[PDB]
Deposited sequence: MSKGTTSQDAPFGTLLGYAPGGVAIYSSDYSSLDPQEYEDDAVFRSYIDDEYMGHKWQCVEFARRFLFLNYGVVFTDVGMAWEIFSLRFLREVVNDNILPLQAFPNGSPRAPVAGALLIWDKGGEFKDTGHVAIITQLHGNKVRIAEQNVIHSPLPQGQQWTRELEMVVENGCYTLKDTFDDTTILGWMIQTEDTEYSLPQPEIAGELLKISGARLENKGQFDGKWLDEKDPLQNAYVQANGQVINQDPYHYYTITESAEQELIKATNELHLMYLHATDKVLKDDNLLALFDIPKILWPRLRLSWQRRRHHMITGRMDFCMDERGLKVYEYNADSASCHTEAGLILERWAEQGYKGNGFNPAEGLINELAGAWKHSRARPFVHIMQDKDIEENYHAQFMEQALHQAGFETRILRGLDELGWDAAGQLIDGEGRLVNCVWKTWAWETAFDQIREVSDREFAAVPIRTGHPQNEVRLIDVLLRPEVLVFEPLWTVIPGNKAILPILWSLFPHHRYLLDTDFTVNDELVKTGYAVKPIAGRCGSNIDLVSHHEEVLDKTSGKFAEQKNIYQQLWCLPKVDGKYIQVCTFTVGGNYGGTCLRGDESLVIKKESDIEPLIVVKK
C-alpha cells in the first residue's frame, strides 16, 4: 500500500503504516521518528503504552547498546537490560526485539515489539517489513519460531540471512543480562593527516561574494588554522560513539536540571539571584522543548570518552565546523571521508521550523567580531526555516513597549548574549526583576529585553542551569562513576587529590581562570580571566591528548537535543581558549 497507508494496529491500538517511499513524527511535543521507520513505531509503541522512550539512534541495531529508557511524564531515567538470543531470560511481551545489521536488514538492522509469547513461537509487531494491509483484527506482523532447550529461549527469524541480537526488558534485575558494551579505545584514536600541497589554499579559497563567508573573513581572514594542509581523522566507529555520548549526556543533563529546579538546596549552589528562581522554574515547565543548540566538550583518546562541560546557554563554533570546514573540504579534500558537521545548517533550520518561535526574530549580539559571523550564521538558518530577522549589535538601536530602530516591535529574540551578563545587571542593583519599561533618555539595558514577560527568548532561561558548572557535582551525584563523567566536587576531597584536578569557575567560559593540578600536586597550567571571584568546582584531572604538536579536543553540537555534528579545537597548551583554532576533521570508515 502507498506510503502512509494504515496496515493495522499493534497491541493497545498502536497504528502501523506502510513506508513504501512532513516526515518527522510527533505525538505532541515529543519526537517519535522518521516516517515510517521501524524505529518510529517501536518508540511510539513504548510511548503510547508505557510512557517511556529510547534516545535517538543512528540505526536500529544501535538500540541493543542502550542501557536506559526515559520516562516521559517526568524526564526520569529507567534501567534497561539487554539479552542475547538464547537467554535463560524469556522474551516477554512488550520487550524490544533487536536485529543486528546483516542480511535482509543490511546496515540499519531492525527493531520490533514482542506482542505475544507462546510455547513454540512468539508474535511481534513492526513497521518496516510489511507494506500490505493486515488480516482484520490481527495485532501482530509476523510469527517467529521459538525453541526452548534447558531453560533457554532462542528465536529463529523468518529470514535465512539475518542475526537477532536479542531482546531488552526494563527491569532492575540484571540476572542473565549483557554488560554494557564499550568500544575498543583503539578506535577512539585521533590521527594526523596531510593533503598534498598543490596550493589549493594559496589565495582566496573562501568565497567573499557570499555575505556569510565574507563576514567570517572580515573577522579572521582567509584562515581556519595554522596550516590548512593538515587535518585530523577519526573512525566512523568513534563518531558513532560520539553520537551515543551526546544524546545520552543531554538527557542526563535535562534530568539533572529537573532535580535542581525541584530542590532549593541544589538551586542555591548556582549563585543565581533568588528573585529569578520562580522565573527559572516557569521557563523549565513552559520552554522545556525549546533549546535549539548546545555544544559539548570532550576528551577523546584510547583512554575513553569524557565530558568537560556543556555550553547550553550560548555556544559558537557553528560557522567553523558547519560552513568554513565545508568549503575547506570542497577545496582540498578528495578522499572518501567526510565532514561530521556538514549537516549543521540544515539541522538548525529544522529545529527552528519546529520551534514555537514567532514570525519575526530579533537577533541580539554583543559587539564582538566572532559574534558577528555567528549571528549571521544563525540568521541564515532562520531564513531557511522561513523566518524574518534583523540583527542588533549592542542595545543602542533599542527603545520603548520595546521597539527597535525601524520602529518595529520586539517580541521574539535570539541572543548570543550570555544569561549571566543579564544576571550581573541584577546582581549590581524589590518585588520583581528590576527591569525598566520606561526611561527619560530612552536607555534600554539587557535585562530590560530578555526578562520582559512578552519577549520570546532563545536560548530559554532554564538553559542557564545545565550551562553552569555547578551542575557537574550534581551529575556525578545522580550517575556516580558513569562511564562518560569525571568526579566533580565543590571542594577538593581525597579522591581528587590522588587523581589530580581542574579548578573551574561555575559560570566562566573560554577557559578563563582555570587551574590544572596533577596527582603530584603540581600546577600543570593556569589562566586568568574576569571570573576570578566566582565559586569553583573541582573536577578530576584528565588531560587532552597531544597529536601533531597540538592538544586536540572533541566537541559535539546538540541540535534540539540530539547530535548535530562534531568538531575540533586544538591548542599548544592543555587548556582551550576563545582563541584556540578549529582544525579540519574528516571521519573515515
| query | finding |
| --- | --- |
| Stretches of the record's deposited sequence for which the structure holds no C-alpha atoms | 1-9, 31-42, 422-425, 455-458, 619 |
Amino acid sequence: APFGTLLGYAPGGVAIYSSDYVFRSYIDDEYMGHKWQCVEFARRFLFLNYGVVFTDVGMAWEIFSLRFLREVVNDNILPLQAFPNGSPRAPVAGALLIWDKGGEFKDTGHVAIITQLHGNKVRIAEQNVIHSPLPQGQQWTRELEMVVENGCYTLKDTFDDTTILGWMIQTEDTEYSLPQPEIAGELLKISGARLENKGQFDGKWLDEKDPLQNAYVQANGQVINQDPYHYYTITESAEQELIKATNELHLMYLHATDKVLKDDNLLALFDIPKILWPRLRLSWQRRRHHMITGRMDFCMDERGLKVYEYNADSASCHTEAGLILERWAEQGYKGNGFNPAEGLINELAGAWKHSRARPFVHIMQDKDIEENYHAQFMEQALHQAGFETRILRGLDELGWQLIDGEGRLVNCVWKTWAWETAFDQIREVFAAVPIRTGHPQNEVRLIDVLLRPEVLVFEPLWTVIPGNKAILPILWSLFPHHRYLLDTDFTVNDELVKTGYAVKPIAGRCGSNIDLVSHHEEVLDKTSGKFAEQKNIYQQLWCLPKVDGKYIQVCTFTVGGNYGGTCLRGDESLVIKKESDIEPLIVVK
From here on, numbers count along this sequence of modelled residues.
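Only the largest set of C-alpha atoms that superpose within 1.5 Å between the two forms is called the rigid core.
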item	value
Larger mean CA deviation from the shown form in 4 other deposited structures of this protein [core fit; 265-273 vs 220-228]	265-273
30-38 against 546-554 - segment lying farther from this form in 4 other deposited structures of this protein (CA RMS, rigid core fit)	30-38
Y21 dropped in a third or more of the other entries	yes
Stretch exceeding the other in mean C-alpha B-factor - 148-156, 235-243	148-156
Mean C-alpha temperature factor, higher of 433-441 and 273-281	433-441
Deposited CA B-factor, highest of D263, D301, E126, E320	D263
Among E420, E172, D297, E248 - the residue whose C-alpha B-factor is largest in the record	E172
Record-listed C-alpha B factor of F105: chain third	highest
CA B-factor placement of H131, once the chain's modelled residues are sorted into thirds	highest
Cα B factor band for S18 (lowest, middle or highest third within the chain)	highest
Third of the chain's Cα B-factor distribution that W99 belongs to, per the entry	middle
Entry-reported Cα temperature factor of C38, expressed as the chain third it lands in	middle
